[PDB]
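Just so you know, all these numbers are worked out from the coordinates, no wet-lab data involved. Here the Cβ positions follow ideal geometry from the backbone for every residue, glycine too, while neighbour counts run over all protein chains shown.
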Amino acid sequence: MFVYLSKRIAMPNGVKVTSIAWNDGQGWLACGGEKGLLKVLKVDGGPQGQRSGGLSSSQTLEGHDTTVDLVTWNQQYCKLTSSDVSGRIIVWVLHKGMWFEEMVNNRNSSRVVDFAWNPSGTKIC
Amino acid sequence: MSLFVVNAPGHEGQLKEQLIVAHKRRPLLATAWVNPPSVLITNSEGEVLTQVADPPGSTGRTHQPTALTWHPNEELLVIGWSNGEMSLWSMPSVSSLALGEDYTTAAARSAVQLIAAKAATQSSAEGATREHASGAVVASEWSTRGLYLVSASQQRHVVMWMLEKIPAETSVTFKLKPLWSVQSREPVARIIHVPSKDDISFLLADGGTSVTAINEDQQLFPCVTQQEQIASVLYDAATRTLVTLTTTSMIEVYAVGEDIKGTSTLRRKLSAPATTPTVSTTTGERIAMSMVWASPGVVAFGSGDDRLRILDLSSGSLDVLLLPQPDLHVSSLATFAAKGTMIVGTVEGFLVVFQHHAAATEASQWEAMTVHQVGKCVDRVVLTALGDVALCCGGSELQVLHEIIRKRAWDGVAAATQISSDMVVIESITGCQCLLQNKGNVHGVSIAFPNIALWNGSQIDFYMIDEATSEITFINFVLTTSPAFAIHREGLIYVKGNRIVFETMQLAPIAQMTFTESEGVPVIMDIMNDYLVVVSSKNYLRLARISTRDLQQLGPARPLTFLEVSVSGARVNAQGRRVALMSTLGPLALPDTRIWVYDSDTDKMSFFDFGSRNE
């Protein structure tokens, strides 16, 4: 296989990126950055967005305070899961191109390390 | 022929000639004034829409705007001040107001854009002062698709900005966020953008010897290299051509490919003599170099002399097309690609308008249509979306010239002629020649002697002449906005809303039946003797006969068969049977070379063209 650079995208404010997750369902790419930065792009994976690398949509998300570090997807229901250094875990649901917060949790005692979806997409660890 | 109407939105502030900008598609225009430092945003007719100052928080430091740029498709302006603060002026869209759906005529759109501009907003980009490090924004530029912005300051700081359109719960807001903070060798003067045929890549020129581009790789690299100082760089996106005229007036045309590298194709020595040069001592500055894109493939420049120098990049031929007179010092230049028209501004106070022949010798293709002597030295010339031309006169002075045809009329007793924006000469066959001045500009003239009605857009004033004393006095106004109005011995017939209102001199209603949207809004009307013709906005033709009591419609509404071809004027004969029709071409109100005749008896529409006569 051949790997070649095709595109560089600079997120706003020049903040170091710490968590990247791509959704198989529709091409929703997620990016996390320091000081509670959460970004979601939509890149078209079809031939229109293949040769040109079409960045179809952009959306900045908020609700995190510390550096976003753990981001994961769920393709069947197209759901997102996010965390931060503080320990705030947020699940995001798509609705008309708007990512609504669905649940916020915080153990307030330990740092969350990683997420894990079952291959069926019904359980989260 | 035709003339400009000159509207000057009055302000005693010192206008900056370098800071008048026009939205390329929406008909708006922004100006920056000093003492007081402020920004007047007006429509395309010079009518003030809003006035903008520093957003609140200032401790008396009313900062000075230094750069204004438009959004290429939205009604959005961004202003770089003297302190590096980057403000953003946004008017709410009409469709966001959720009002009625009848807003499709020009006047209603003007009124709603006026009230929305009064309901606009100003926002501040966060941290923009720090990124410029309290440096005045000497330049800014949007991308071709208008979602990347670049701001360059006098501290050589160049910052790229990403545009985020946030749909609010009841409106739409916008934000501009910094991406990079790079440095140039000098304060960059002009920033240009290159499209790929979206792609983010901006050329930068500081007025030195070499131009520096920057792309998404965050690298500032030169494209063309010259050993002499450059002043202005012309970019053609369709051919990607980059034309540079040196400070010594040397031609350097570079073909630029995808590698962002300029390759010279034509560069020939031009011998401009230095025998007693006319150094600009009246202004105390170097003479401004002037070149713009005259035509696809052809570039014009005026050297500040009495001559105009055209250069055909297709054949490499440079020639001169002279003005009708000698002794004309060209100061600024502009060109309208929609009509193929160049606007030549002179220090003496002349505007010369050159028209494409297709809109022998190649230089004969351009020809000067109108010479308008404004009588004041022009600083900068900026065209608008519709073709209206704004001028900066005397530094602190601004004018907006809108091109119209001269209104005139001939009732049978006296002829009325328009000679200025608001001066009208009325002259009978009895020698009763007198001049009258209006409060506002002249937009419509109708005469039924001695009653004479003039429409100034917002209203019509009908004046009475007492020829026994030869005294003329305003009496009362009819506040309507339609271009359709015509006075008669029986009364005045105009359009209020959908209704076509017939009244007396004391405005006693005569005919009143409400029209519908299917019948539409009449735009054109003609009165002569006892016959009237009405043309709506949907090509509908209604002949009518006016009598002492009623308006007997001679038959139903009729359509006519001809981008699209509209109707701008109609005149009916004394039998009330044949109607002469003036057509236009395209939404730009371009004149048409053929004229139309509708006969109601046979209901035919014949025509005769004048392009066969080159007329």
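Observations on the model:
- Translational diffusion coefficient (Stokes-Einstein; Kirkwood radius from C-alpha pairs) of chain B at 4 °C, 1.567 mPa s, in µm²/s: 47 µm²/s
- 3J(HN,Hα) couplings calculated from phi for the range B:220-234 with the Karplus curve 6.51 cos²θ - 1.76 cosθ + 1.60 (θ = phi - 60°) are, in sequence order, 9, 10, x, 10, 10, 10, 10, 8, 10, 5, 9, 10, 9, 10, 9 Hz; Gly and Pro show x.
- Per-residue HN-Hα couplings for the range B:182-190 [Karplus 6.51, -1.76, 1.60; θ = phi - 60°; Hz; x = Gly/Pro]: 10, 10, 9, 6, 8, x, 6, 8, 10
- Averaged over A:8-21, number of beta-carbon atoms from partner chains that fall within 10 Å: 3
- The protein assembly as shown - mean residue ellipticity at 222 nm from DSSP helices (-39,500 (n - 2.57) per run, n ≥ 4, rounded to 500): -1000 deg cm²/dmol
- When the alpha carbon coordinates of the range B:480-615 are projected onto the principal axes, the ranges are 49, 30, 25 Å, largest first.
- Kirkwood hydrodynamic radius (C-alpha pairs) into Stokes-Einstein, the protein assembly as shown, 10 °C and 1.306 mPa s, D in µm²/s: 53 µm²/s
- Legend: ranking of residues B:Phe610, A:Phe2 from fewest to most surrounding C-beta atoms inside 10 Å; resulting order A:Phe2, B:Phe610.
- Placing pseudo-labels 7 Å out from each Cα toward the beta carbon at B:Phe607 and B:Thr561 gives an inter-label distance of 1.2 nm.
- Global size of the range B:249-361: 15.5, 46 Å for Rg and Dmax (C-alpha atoms, Rg to one decimal, Dmax whole).
- Per-selection Rg to Rh, the range B:514-569 - Cα, Kirkwood hydrodynamic radius: 0.99
- Debye-sum result for the range B:195-284 in log10 I(q)/I(0), which assumes one identical scatterer on each alpha carbon, at q = 0.15, 0.23, 0.26 Å⁻¹: -0.64, -1.20, -1.44
- With a Förster radius of 51 Å applied to the C-beta separation of B:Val172 and B:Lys538, the computed FRET efficiency comes to 0.95.
- Along the range B:332-349 the Karplus relation, 6.51 cos²θ - 1.76 cosθ + 1.60 evaluated at θ = phi - 60°, assigns HN-Hα couplings of 9, 9, 7, 9, 9, 5, 5, 9, x, 10, 9, 10, 10, x, 10, 5, 5, x Hz to successive residues, with x for each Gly and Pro.
- The residues packed around A:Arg8, meaning those with a beta-carbon under 14 Å from its beta-carbon, carry a net charge of -2 if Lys and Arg are +1 and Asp and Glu are -1.
- Anchor B:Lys376: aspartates and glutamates whose Cα lies under 16 Å away (excluding residues fewer than 8 positions away in-chain): B:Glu17, B:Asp327, B:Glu348, B:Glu397
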